[PDB]
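Notes for the one structure printed next.
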Amino acid sequence: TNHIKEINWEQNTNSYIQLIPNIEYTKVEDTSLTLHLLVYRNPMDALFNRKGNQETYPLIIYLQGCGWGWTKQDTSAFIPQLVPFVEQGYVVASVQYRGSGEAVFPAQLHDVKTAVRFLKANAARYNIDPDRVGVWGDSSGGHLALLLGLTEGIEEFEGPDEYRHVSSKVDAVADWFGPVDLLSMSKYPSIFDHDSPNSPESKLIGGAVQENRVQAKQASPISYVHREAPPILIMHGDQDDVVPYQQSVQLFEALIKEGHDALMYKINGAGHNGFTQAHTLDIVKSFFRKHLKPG
Amino acid sequence: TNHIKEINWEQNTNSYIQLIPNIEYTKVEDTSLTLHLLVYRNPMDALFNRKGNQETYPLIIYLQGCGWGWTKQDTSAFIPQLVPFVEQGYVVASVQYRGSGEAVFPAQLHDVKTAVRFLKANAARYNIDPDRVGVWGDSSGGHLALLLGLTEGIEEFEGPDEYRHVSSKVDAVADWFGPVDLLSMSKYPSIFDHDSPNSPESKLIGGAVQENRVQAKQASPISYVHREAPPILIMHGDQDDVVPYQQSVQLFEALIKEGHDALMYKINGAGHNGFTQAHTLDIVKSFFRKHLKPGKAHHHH
Numbered sequence: 001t002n003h004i005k006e007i008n009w010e011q012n013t014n015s016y017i018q019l020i021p022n023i024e025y026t027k028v029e030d031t032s033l034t035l036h037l038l039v040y041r042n043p044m045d046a047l048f049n050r051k052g053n054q055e056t057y058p059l060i061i062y063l064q065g066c067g068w069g070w071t072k073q074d075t076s077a078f079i080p081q082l083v084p085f086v087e088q089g090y091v092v093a094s095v096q097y098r099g100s101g102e103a104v105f106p107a108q109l110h111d112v113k114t115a116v117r118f119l120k121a122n123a124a125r126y127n128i129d130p131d132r133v134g135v136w137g138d139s140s141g142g143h144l145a146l147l148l149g150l151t152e153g154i155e156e157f158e159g160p161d162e163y164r165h166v167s168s169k170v171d172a173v174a175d176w177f178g179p180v181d182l183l184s185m186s187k188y189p190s191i192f193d194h195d196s197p198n199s200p201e202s203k204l205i206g207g208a209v210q211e212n213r214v215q216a217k218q219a220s221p222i223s224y225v226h227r228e229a230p231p232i233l234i235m236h237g238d239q240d241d242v243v244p245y246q247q248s249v250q251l252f253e254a255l256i257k258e259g260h261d262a263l264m265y266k267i268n269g270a271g272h273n274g275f276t277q278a279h280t281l282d283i284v285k286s287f288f289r290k291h292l293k294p295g
Numbered sequence: 001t002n003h004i005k006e007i008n009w010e011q012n013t014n015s016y017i018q019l020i021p022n023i024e025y026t027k028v029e030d031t032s033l034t035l036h037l038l039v040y041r042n043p044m045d046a047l048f049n050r051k052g053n054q055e056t057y058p059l060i061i062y063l064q065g066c067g068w069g070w071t072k073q074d075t076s077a078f079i080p081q082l083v084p085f086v087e088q089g090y091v092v093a094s095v096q097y098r099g100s101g102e103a104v105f106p107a108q109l110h111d112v113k114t115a116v117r118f119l120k121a122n123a124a125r126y127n128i129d130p131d132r133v134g135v136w137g138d139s140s141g142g143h144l145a146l147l148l149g150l151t152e153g154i155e156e157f158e159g160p161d162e163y164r165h166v167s168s169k170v171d172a173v174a175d176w177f178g179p180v181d182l183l184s185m186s187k188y189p190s191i192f193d194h195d196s197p198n199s200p201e202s203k204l205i206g207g208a209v210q211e212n213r214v215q216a217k218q219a220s221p222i223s224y225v226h227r228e229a230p231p232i233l234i235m236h237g238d239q240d241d242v243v244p245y246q247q248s249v250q251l252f253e254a255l256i257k258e259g260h261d262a263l264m265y266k267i268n269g270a271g272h273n274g275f276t277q278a279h280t281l282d283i284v285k286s287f288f289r290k291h292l293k294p295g296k297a298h299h300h301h
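Top to bottom, those sequences are chains C and U. Going by our numbering, the first sequence opens with residue 1, and the numbers climb by one from there. Going by our numbering, the second sequence opens with residue 1, and the numbers climb by one from there.
Encoded structure:
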């Protein structure tokens, strides 16, 4: 029982995944906006001035939903689900955007556009390949993810004069029950009254959506399906009592009609919850593997 | 042929692991000390007043090493390696302790003892089973994990008058190349002069270790191996140029001599780096499964 066990150790292998939280990527007024980063990095290497990991990886940006501020956006909560994506050969960032109590749309899009450009511009120090960028979000984050895909090159949505020498285009979009058409949301049952001036959608645009239709359409992904777009993955539970399942059906049919590469899954018996079971996460993993090509 | 595809969803299944960061567990002066928590929790549930997770899980506390403040402790860095532990049926917390530049030993032990009591006292809020607590640390964090296992019942090491109605005992200790005997560190090669007044060890206790042998011994896990101890896991690389490998051998042989349940792995060809490869993390997982028994219903008899 005085026996010491012995085991070997593989040399020259990246196996430490480091969480780097609270990276400030922009500052509007006195409000700094942050992102959290996950990357293959052994923290001992920086501490002892050793040559770090030289590999570059495709990037996945995660946009946590929050009703654009209906609740305070929690960019840390989903991080444990992002860790296995690093293992597939990605860098992952979870990005904060401003709530509608701070500024109305397109401020939220300005924020995530700027985060994309920040991550591309500073790519080398984060082991990022800036040419391969996917974005993934749930509910209001899925809404913004769609807009990153569908509003590429629209100058009024770029935001501040920061990192303008890189593009804010993304190469793949994964949408978990994201709002699609603000004016059609109240057509189907929900626990929210989405037409109320106090709804998350009305606050997003600064007025009751049915009474402010130009601004409601400006903030709707459905308004941009005629534009060029990267491949899009849509997933939505048929029991979702927050974002009607028909929002995603409407998006999917409009994208197909326009000739877009779109994939949609109906999650039977699922509601307004992240699709964090293994077989549903595999769909997201397969989608980004196809279009971002880790390895 | 591009139709909506259907896939099924399992009900009554926990699959969301939530990271809950920056939980303040104590405050000294105006210095707030925090921990990060990982737990099976779907954040939608609290947001919409749904039934939440009512299971309790054994707790693993991780103590990130930092030379006791030789560098600023980073309690977030290791978080991705702790996530798969939650999937095995634990709650995991990564705990901040003060640097020696703020306070000398036993301040660091006061901090992590108070973290144990805080987590036990607030266990219901975090799905924790307070009767099954393991602790795991690397380098100076492994040093503190050993002291948690070995110094139970010593009032001088409890810290502030906070949550003193619960005990700071732990039930299993995992030690990654933690310093063991501050006075014997310099007996073997290292890129530090651990006897220097500027060494992390000397700053920990407030002076050059060989001149302050009383405080150095009080701060050394080796001084407590005769006391009652939980099961202990020790892992150390034989190329470690920061903490001499023979520190862990010295600890292991002394634990065995006292009749304790000790397990040690020499990691051949590894140095002073976390053992984050799958086959070495599995050893930690097997150790905590054996002694904390996740997935088993647990009562106190």
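Each residue gets a CB set at the ideal place from its N, CA and C atoms; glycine is no exception.
- Annotation: the stretch 203-240 of chain C contains the following complete segments of the alpha helix (DSSP H) (minimum length 4 residues), in chain order: 213-218.
- Within its own chain, the residues whose Cβ lies closer than 8 Å to the Cβ of U:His36, once the five positions on either side in sequence are excluded, are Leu19, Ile20, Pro21, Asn22, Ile23, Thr75, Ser76, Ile79, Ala93 and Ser94, listed in chain order.
- Interface with chain U (9 Å Cβ-Cβ cutoff): C:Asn53 is excluded.
- The beta carbons of C:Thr56 and C:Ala124 sit closer together than 9 Å.
- By the Cβ criterion, the stretch 120-135 of chain C is in contact with the stretch 57-65 of chain C, since at least three pairs of Cβ atoms, one from each stretch, lie closer than 8 Å.
- Your pair U:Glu201 and U:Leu182 checks out as a contact, with CB atoms roughly 5 Å apart and the cut at 8 Å.
- Secondary structure at C:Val95: strand, using DSSP grouped into helix, strand and coil.
- In the three-state DSSP reduction, U:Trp68 falls in the helix class (H, G or I).
- For U:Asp45, the enclosing alpha helix (DSSP H) starts and ends at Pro43 to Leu47.
- Buried is the label assigned to U:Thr26, since at least 16 other Cβ atoms lie within 10 Å of its Cβ.
- If you compare the alpha carbons of U:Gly65, U:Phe118, U:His165 and U:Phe85 with that of U:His272, the shortest gap goes to U:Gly65.
- Look at U:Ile4 here: in three-state DSSP terms it is coil, with no helix or strand label.
- Annotation for C:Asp193: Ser186 and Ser199 place their beta carbon closer than 8 Å to its own, counting only its chain and skipping 5 residues before and after.
- Looking from the CA of C:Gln88, the closest CA among C:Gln73, C:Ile17 and C:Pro179 belongs to C:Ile17.
- Annotation: the continuous beta strand (DSSP E) that includes C:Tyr40 extends over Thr31 to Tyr40.
- A check of alpha carbon separations from C:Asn2 across U:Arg289, U:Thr280, U:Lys285 and U:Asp261 identifies U:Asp261 as the nearest.
- For C:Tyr25, there is no enclosing alpha helix (DSSP H); the enclosing beta strand (DSSP E) has its first and last residue at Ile17 to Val28.
- Taking a cut-off of 8 Å for Cβ pairs, the stretch 247-258 of chain C and the stretch 158-173 of chain C do not touch, as fewer than three such pairs fall below it.
- At least 9 Å separates the CB of U:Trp176 from every CB of chain C.
- DSSP, read as helix, strand or coil, puts U:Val173 in strand.
- U:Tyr16 belongs to the set of residues whose beta carbon lies under 9 Å from a beta carbon in chain C.
- Judged by DSSP secondary structure, U:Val86 falls within the alpha helix (DSSP H) whose first and last residues are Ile79 to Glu87.
- Per DSSP, the continuous alpha helix (DSSP H) segment holding U:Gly141 begins and ends at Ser140 to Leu150.
- For U:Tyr245, the enclosing alpha helix (DSSP H) begins and ends at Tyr245 to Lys257.
- Chain U has a Cβ within less than 9 Å of the Cβ of C:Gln277.
- When DSSP states are grouped into helix, strand and coil, U:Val112 belongs to the helix group.
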